[PDB]
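# Observations on the three-dimensional arrangement
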Amino acid sequence: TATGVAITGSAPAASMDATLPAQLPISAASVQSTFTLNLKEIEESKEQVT
Amino acid sequence: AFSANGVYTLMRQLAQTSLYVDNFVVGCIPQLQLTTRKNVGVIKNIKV
Amino acid sequence: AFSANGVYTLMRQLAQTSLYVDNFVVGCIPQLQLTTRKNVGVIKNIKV
Amino acid sequence: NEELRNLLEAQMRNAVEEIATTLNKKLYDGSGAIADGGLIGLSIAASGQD
Amino acid sequence: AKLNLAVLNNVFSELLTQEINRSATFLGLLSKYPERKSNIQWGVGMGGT
Amino acid sequence: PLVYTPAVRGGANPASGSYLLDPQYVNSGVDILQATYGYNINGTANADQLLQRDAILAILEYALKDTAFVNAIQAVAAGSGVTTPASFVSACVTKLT
Amino acid sequence: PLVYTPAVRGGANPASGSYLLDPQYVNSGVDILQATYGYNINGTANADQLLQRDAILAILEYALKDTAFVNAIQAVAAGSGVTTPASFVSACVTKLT
């Protein structure tokens, strides 16, 4: 703050500035996927599909 | 009073009474001054 | 703060109001710190 | 801390030293059971029970 | 029972965001002057002849 | 029955267990709190402590921020037998029963 | 009338106003808090908010550590209609008055 006193005044009241946190958490979850393909399908798809 | 953007401000760190305090101050002494209210035009209350 | 026997103390001559006065101070700021109370033994309440 | 920094390497040396200190504790209390680790121990080696 | 659940520490980062608006536009163009007197006096001339 | 979820938005249940509380302004004005909450350190579950931890976070995320709860716990502390606050916390339990 | 001191031993009224709480083990078992408490950051405390600060620090130090207060706040949460815990705190403020 900045207030106005007289020239022969008496030094007005105290005031400082301020900061604040944010803390923004991330560490719980994930985005995942599976697909579970077979081992015999990867041979009968090289001479089956054009 | 030094230089602060053309406004003369004076520091003067104050006195001290306890062992652990500093208790500064800073201030200036201003005035605006308009000559010849002839060039001056105002418009009042607009819807805003 | 100087280092009298490793303990840091601060001088701080205070501000004076009358003409013939000085009004000094002196002080420090301590803390003791024991880790790991494993090596420690006490023999409380001897006849004395 | 440097030890708590690498979390696998700290618990690696922390489990071997638990195997080592639970093993001599069973050298005095061994009974041959699976919960006693299979050790026989001095509880019945330093007395006559067969 | 985690072995560093109470030794991990919370450290900020150099990202101070200026949020408050403390601007000075009209003060910035008034062509400042150092008047070291008690009061400013000048002359205003009306008519009459 | 009560269906409380951790009110900290992105990160209700963490991997480490250091569930970092969000900072909250406690007197409805002037102070700030900034807690954490480390999970299981002397056991795991007990199947009862999951309901008591379901109420510790409720009295700490929401209640101290509230302005009507704190004026109630202000009124209990002004009683005629409330000093040396092991009697403060015992004269509020009998209010809650 | 309540008489009270900050419970951490050598750190009662700090210089910077960051009153670091000493950690308590809250669920009678398995958890930990490690909170702090910032002093006046949005003004001052104007002679009534000292009394609210007198009771928030008592409910945060000597109450969450206790085993009969966390069991007294457990039984309110298992009541009737105490869901969505902005009503858990409003069903607790009716017991304290």
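Reading guide: rules and limits
- Residues numbered from 1 in each chain as written, not as in the entry; some residues may be left out.
- Chains lettered and ligands numbered in written order.
- Part of a larger assembly, values for the part shown.
- Heavy atoms only, no water.
- Buried < 20%, exposed > 50% of the residue type's maximum accessible area, 1.4 Å probe, protein only.
- Contact = heavy atoms within 4.5 Å.
- Buried area = accessible area lost by both parts, 1.4 Å probe.
- Salt bridge = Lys/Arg side-chain N within 4 Å of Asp/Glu carboxyl O.
- Polar contact = N/O pair within 3.5 Å; in protein donor to acceptor, adjacent residues only side chain to side chain.
- Least-squares fit on C-alpha atoms.
- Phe/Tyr/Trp six-rings, centres within 6.5 Å; stacked < 30°, edge-to-face > 60°.
- Helix = DSSP H or I, 4+ residues; strand = E, 2+ residues; numbered from the N terminus.
- Nonpolar A, V, L, I, M, F, W, Y, C, P; charged D, E, K, R; others polar.
- Expected span 1.5 Å × (residues − 1).

- The record names cryo-EM as the way this model was obtained, at a resolution of 3.53 Å.

### Focus: the environment of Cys28(B)
Residues and elements named next belong to chain B.
- Under the relative-accessibility criterion, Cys-28 is labelled partly exposed at 43%.
- When the C-alpha positions of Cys-28 and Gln-13 are compared, they lie 15 Å apart, and in sequence the two are 15 residues distant.
- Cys-28 has contacts with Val-7, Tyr-8 and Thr-9, leaving out every residue within four places of it along the chain.

### Remarks on the interface of chain G and chain F
- Contacts between the two partners involve 57 residues from chain G, matched on the other side by 56 residues from chain F.
- Between chain G and chain F the total buried area reaches about 5,100 Å² when both faces are included, carbon and sulfur atoms providing 67% of it.
- Its largest share of buried area at the contact with chain F, chain G owes to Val30(G), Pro85(G) and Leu96(G), together 14% of the area lost on that side.
- For the interface between chain G and chain F, the tally reads 0 salt bridges.
- Between the two partners, chain G and chain F, sit 20 residue pairs in polar contact.

### Section: the relation of the copies chain G and chain F
- Note on the copies: chain G fits chain F at an RMSD of 0.4 Å, the axial shift is 0.1 Å, and the rotation between them is 180°. This pairing of chains is accounted for by a two-fold axis. Closest approach to the rotation axis among the C-alpha atoms of chain G is made by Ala35(G), whose C-alpha sits 2.0 Å away.
- The overlap is high: 96% of the interface residues of chain G also sit at the interface in chain F, so the same surface is used on both sides.

### Thoughts on the packing of aromatic side chains
- The full count for this structure, using the stated rule, is 5 aromatic pairs over all chains.
- Both rings, one in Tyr4(F) and one in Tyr62(F), keep their centres 6.4 Å apart while their planes meet at 85°; by these two values the pair is edge-to-face. Here the residue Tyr4(F) occupies a position in the segment before α1 (49-56), and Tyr62(F) occupies one in the loop between α2 (58-61) and α3 (67-76), the gap between them amounting to 58 residues.
- Judged by relative accessible area, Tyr4(F) falls into the buried class, the value being 10%.
- Relative accessible area serves as the criterion here: at 27%, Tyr62(F) is assigned to the partly exposed category.
- A centroid spacing of 6.5 Å and a plane angle of 5° characterise the contact between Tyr19(G) and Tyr39(G), whose relative ring orientation is stacked. Here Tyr39(G) lies in the segment before α1 (49-61) and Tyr19(G) lies in the segment before α1, a separation of 20 residues in the sequence. Like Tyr19(G), the residue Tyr39(G) is buried in the burial classification.

### Describing the interface of chain A and chain F
- Counting residues at the interface gives 7 residues for chain A, matched by 12 residues for chain F.
- For the pairing of chain A and chain F, the buried interface totals around 640 Å² over both sides, and the portion due to carbon and sulfur atoms is 63%.
- A per-residue breakdown of the area chain A buries against chain F is headed by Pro21(A), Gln23(A) and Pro25(A), which together make up 59% of the total.
- Where chain A packs against chain F, one counts 0 salt bridges.
- Residues that form the side of chain A that touches chain F fall into these classes: 5 nonpolar, 2 polar and no charged.

### Quick notes on α1(G)
- Spanning 13 residues, α1(G) covers 18 Å between terminal C-alpha atoms, matching the ideal 18 Å at 1.5 Å per step.
- For α1(G), the buried fraction is high: 11 of the 13 residues fall into the buried class.
- Residues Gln49(G), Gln52(G), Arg53(G), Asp54(G), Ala55(G), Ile56(G), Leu57(G), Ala58(G), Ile59(G), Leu60(G) and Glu61(G) constitute the buried set of α1(G).
- Elements that come into contact with the buried residues of α1(G) comprise α2 and α3 of chain F.

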